[PDB]
Amino acid sequence: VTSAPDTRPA
Amino acid sequence: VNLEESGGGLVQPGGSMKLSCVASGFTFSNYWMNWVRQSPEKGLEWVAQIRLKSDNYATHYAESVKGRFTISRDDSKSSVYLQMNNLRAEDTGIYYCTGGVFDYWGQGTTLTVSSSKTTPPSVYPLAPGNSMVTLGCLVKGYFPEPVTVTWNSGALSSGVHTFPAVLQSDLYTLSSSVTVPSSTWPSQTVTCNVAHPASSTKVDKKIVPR
Amino acid sequence: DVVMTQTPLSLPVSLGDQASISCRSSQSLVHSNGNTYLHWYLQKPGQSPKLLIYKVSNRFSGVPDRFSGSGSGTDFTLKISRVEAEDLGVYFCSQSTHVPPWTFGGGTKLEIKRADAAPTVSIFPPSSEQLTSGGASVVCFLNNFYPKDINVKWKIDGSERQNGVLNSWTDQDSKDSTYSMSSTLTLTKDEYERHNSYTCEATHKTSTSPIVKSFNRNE
Ligand SMILES: *[C@H]1O[C@H](CO)[C@H](O)[C@H](O)[C@H]1NC(C)=O
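Cut-offs applied
- Residues numbered from 1 in each chain as written, not as in the entry; some residues may be left out.
- Chains lettered and ligands numbered in written order.
- Heavy atoms only, no water.
- Residues with missing side-chain atoms left out of burial classes, pairs and counts.
- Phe/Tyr/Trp six-rings, centres within 6.5 Å; stacked < 30°, edge-to-face > 60°.
- Helix = DSSP H or I, 4+ residues; strand = E, 2+ residues; numbered from the N terminus.
- Buried < 20%, exposed > 50% of the residue type's maximum accessible area, 1.4 Å probe, protein only.
- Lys NZ or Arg CZ within 6 Å of the ring centre and 35° of its normal.
- Core = buried A, V, L, I, M, F, W, Y, C linked by side-chain atoms within 4.5 Å.
- Contact = heavy atoms within 4.5 Å.
- Buried area = accessible area lost by both parts, 1.4 Å probe.
- Salt bridge = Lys/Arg side-chain N within 4 Å of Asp/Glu carboxyl O.
- Polar contact = N/O pair within 3.5 Å; in protein donor to acceptor, adjacent residues only side chain to side chain.
- Nonpolar A, V, L, I, M, F, W, Y, C, P; charged D, E, K, R; others polar.
- Domains from an automatic or database assignment.
- Near = heavy atom within 4 Å.
- Disulfide = S-S within 2.5 Å.

- Header annotation of the entry names X-ray crystallography as the structure determination method and lists the resolution as 1.773 Å.

Below, the structure written as structure tokens:
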């Protein structure tokens, strides 16, 4: 419940 | 939920160590798993992360441990591992296994990196020279931390106080007290059990009258 | 790296009152998805941390209804209403938004304000086993007192001795919101066997008179 989705811009 | 760690103790500088963690009570295979260490100097510090099968077991490491530590997981054993090479003094601390960031925590195991030798404790009974009597155990001269103290193998707990260890002249000292009804002692025995995982030593000392 | 800052270092609250603990971040913790990944933990004495609140305000499993979290951006607060003694410990915040690394606050200790209590004092002479190794520790337990402030003097045959004294305090006890302390005077056997009377004197707010316990080698 504590994990956020990663953001990964090129 | 339970996570139980193993490994640790005293490691010489430059040496290696493998911590292990076994988990139960949550769907282990769908959680990112992590190691977090705790020290007076740095507080709580996230160390390493391993992700899922789906993620091809992607990993992240803290700057202070990258290239020396390897995290891995065994979904068939509900286990996570931390392999540590070229350990430094700064790696000393309590290591927790965790699920999520940070949903579930283990109980912690302690790692000390120093060029010292391991020294098991000397355990000394504290008996007195009312309706209650206070007894104790003095634990001297051990290294590294920690020791754990129980009384009557954990069967006495309500009247127990255990004091944090203090490091003097390169060796630790701590004490524990237990308070029980005076009618019941010595007729019903009272024993302190002192465990020192790092030296693989436990001492059981019955408190007998002087 | 997001820096997490926690205040106060220690918080005194009466049972049944409300406590508020603050957590600041060096940057806003709002994530692209609009969620805010700020979480609260409680580390009770001698235990590992346990998750209390996730994403600012959601109670985790088994968390009583007196815990609530609030805040936004860089400024967050945990409120513990109707405080119970079992709520004492170190409260941490952590952030999962800007990662790696996942980062933690430095912790806030919740101290329960209870009624003054005088220490129960017990003194213990050296064991025979310790004497055969050439050492001689006299141990004084000062149990179940409040507030934490206390002073211990050791006297040997009437004169105060400061060298060789090791003091150690427990964390607050959840059963009765008291503290306990151990004071140990370690001598060599050689010096111990040259003196007769060993006294620990505890001075605490609860009385202008010290609480004195004494052991005489003429046992
Ligand atoms: C992506 O955005 C999130 C916040 O939504 C985090 O800041 C993360 O660090 C970002 N990733 C990069 C490369 O900037």
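**Regarding the packing of aromatic side chains**
Right, on to step 1. This structure, assessed with the given rule, holds 21 aromatic pairs over all chains.
Right, on to step 2. Their ring planes at 35 degrees and their centres at 6.4 Å tell us that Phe67 of chain C and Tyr91 of chain C sit as a pair that is tilted. Of the two residues, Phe67 of chain C is situated in strand β7 (residues 67-72) and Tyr91 of chain C in strand β9 (residues 89-95); the sequence distance between them amounts to 24 residues. Exposure class is identical for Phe67 of chain C and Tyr91 of chain C. Each is buried.
Right, on to step 3. Aromatic rings pair up to connect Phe26, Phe28, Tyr31 and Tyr104 of chain B together with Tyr54 and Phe60 of chain C into one cluster.
Right, on to step 4. One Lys or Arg, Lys18 of chain B, reaches over the ring of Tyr81 of chain B and ends 4.7 Å from the middle of that ring.
Right, on to step 5. Note that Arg51 of chain B overlies the ring of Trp32 of chain B, its terminal NZ or CZ placed 3.8 Å from the centroid.

**Quick word on the nonpolar core**
Right, on to step 1. In terms of nonpolar packing, the biggest core is built from 69 residues, with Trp35 and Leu82 of chain B touching the most fellow members.
Right, on to step 2. With five residues, the single largest contributor to this core is strand β5 (residues 43-50) of chain B.
Right, on to step 3. Leave out the neighbours within four places in its chain, and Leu82 of chain B touches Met17, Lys18, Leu19, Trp35, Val47, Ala48, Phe69, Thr70, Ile71 and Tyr95 of chain B.
Right, on to step 4. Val138, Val152, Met181 and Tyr192 of chain C belong to the second-largest nonpolar core, a separate cluster that totals 22 residues.

**Things to note about the interface of chain A and chain C**
Much of the literature gives interface size as the accessible area that the parts lose upon coming together.
Right, on to step 1. Listed as interface residues are seven residues of chain A and, on the opposing side, 11 residues of chain C.
Right, on to step 2. Interface of chain A and chain C: buried area, both sides summed, is about 620 Å²; carbon and sulfur atoms make up 66% of it.
Right, on to step 3. Taken as a group, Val1, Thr2 and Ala4 of chain A account for 67% of the area that chain A buries against chain C, more than any other trio of residues on that side.
Right, on to step 4. At the boundary of chain A and chain C, one finds zero salt bridges.
Right, on to step 5. Remark: the boundary between chain A and chain C carries three residue pairs in polar contact.
Right, on to step 6. Across the side of chain A that touches chain C, the residue classes break down as three nonpolar, three polar and one charged.

**Quick look at the domain arrangement of chain C**
Residue and element names in this part refer to chain C.
Right, on to step 1. The domains assigned to chain C are domain 1 (4-113) and domain 2 (120-216).
Right, on to step 2. One C-alpha centre belongs to domain 1, the other to domain 2, and the line joining them spans 37 Å.
Right, on to step 3. Carbon and sulfur atoms supply 44% of the area buried between domain 1 and domain 2, which totals about 700 Å² over both sides.
Right, on to step 4. Seen at the junction of domain 1 and domain 2, the total is zero salt bridges.

**Some points on the site of the ligand**
Right, on to step 1. Close contacts around the ligand come from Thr7 and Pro9 of chain A together with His31, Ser32, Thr97 and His98 of chain C, and that covers them all.
Right, on to step 2. Flanking the ligand are residues from chains A and C.
Right, on to step 3. The separation between an oxygen atom of the ligand and a polar side-chain atom of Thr7 of chain A is 2.3 Å.
Right, on to step 4. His98 of chain C is positioned such that a nitrogen or oxygen atom in its side chain is 2.7 Å from an oxygen atom of the ligand.
Right, on to step 5. Here the shell around the ligand is built from residues that sort into one nonpolar, five polar and no charged.

**What about the domain arrangement of chain B?**
Residues and elements named next belong to chain B.
Right, on to step 1. Domain boundaries assigned for chain B yield domain 1 (2-113) and domain 2 (122-206).
Right, on to step 2. Each of domain 1 and domain 2 has a C-alpha centre, and these two points are 31 Å apart.
Right, on to step 3. Across the contact, four residues belong to domain 1 and five residues belong to domain 2.
Right, on to step 4. Carbon and sulfur atoms make up 79% of the area that domain 1 and domain 2 hide from each other, which totals about 300 Å².
Right, on to step 5. Ranking the residues of domain 1 by area buried against domain 2 places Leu10, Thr110 and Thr112 at the top, with a combined share of 85%.
Right, on to step 6. Connecting domain 1 to domain 2 are zero residue pairs in polar contact.
Right, on to step 7. For the side of domain 1 that touches domain 2, the elements supplying multiple residues, two or more each, are β2 (9-11) and β11 (109-113).

**Comments concerning the state of the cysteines**
Each disulfide consists of a covalent bond between the sulfur atoms of two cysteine residues.
Right, on to step 1. Within the structure shown, the criterion is met by four disulfides over all chains.
Right, on to step 2. Between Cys137 of chain B and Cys192 of chain B runs a disulfide, and the two sulfur atoms are separated by 2.0 Å. What sets the handedness of the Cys137 of chain B and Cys192 of chain B disulfide is the S-S torsion sign, and at about -85 degrees it is left-handed. Highlighted residues: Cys137 of chain B in strand β13 (residues 132-142) and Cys192 of chain B in strand β18 (residues 191-196), separated in sequence by 55 residues.
Right, on to step 3. Assessed through its relative accessible area of 0%, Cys192 of chain B is described here as buried.
Right, on to step 4. Disulfide partner of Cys23 of chain C: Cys93 of chain C, at an S-S distance of 2.1 Å. Sign of the S-S torsion, about 75 degrees for the bond between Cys23 of chain C and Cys93 of chain C, identifies this disulfide as right-handed. In this pair, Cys23 of chain C is assigned in strand β3 (residues 19-25) and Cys93 of chain C in strand β9, connecting sequence segments 70 residues apart.
Right, on to step 5. Judged by relative accessible area, which is 0%, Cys23 of chain C ranks as buried.
Right, on to step 6. Along chain C, the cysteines engaged in disulfide bonds are linked according to the scheme 1-2, 3-4 when indexed in sequence order.
Right, on to step 7. Taken in sequence order, the bonded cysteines of chain B link in the pattern 1-2, 3-4.

**Observations concerning the side chain of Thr108 of chain C**
Residues and elements named next belong to chain C.
Right, on to step 1. Mapped onto the fold, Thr108 is located in strand β11 (residues 108-113).
Right, on to step 2. Among the residues examined, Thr108 registers a relative accessible area of 0% and is labelled buried.
Right, on to step 3. From its side chain, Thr108 meets the backbone oxygen of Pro8 in a polar contact 2.8 Å long.
Right, on to step 4. Other than its neighbours up to four places away in sequence, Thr108 contacts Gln6, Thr7, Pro8, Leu9, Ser10, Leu11, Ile21, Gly89, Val90 and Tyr91.

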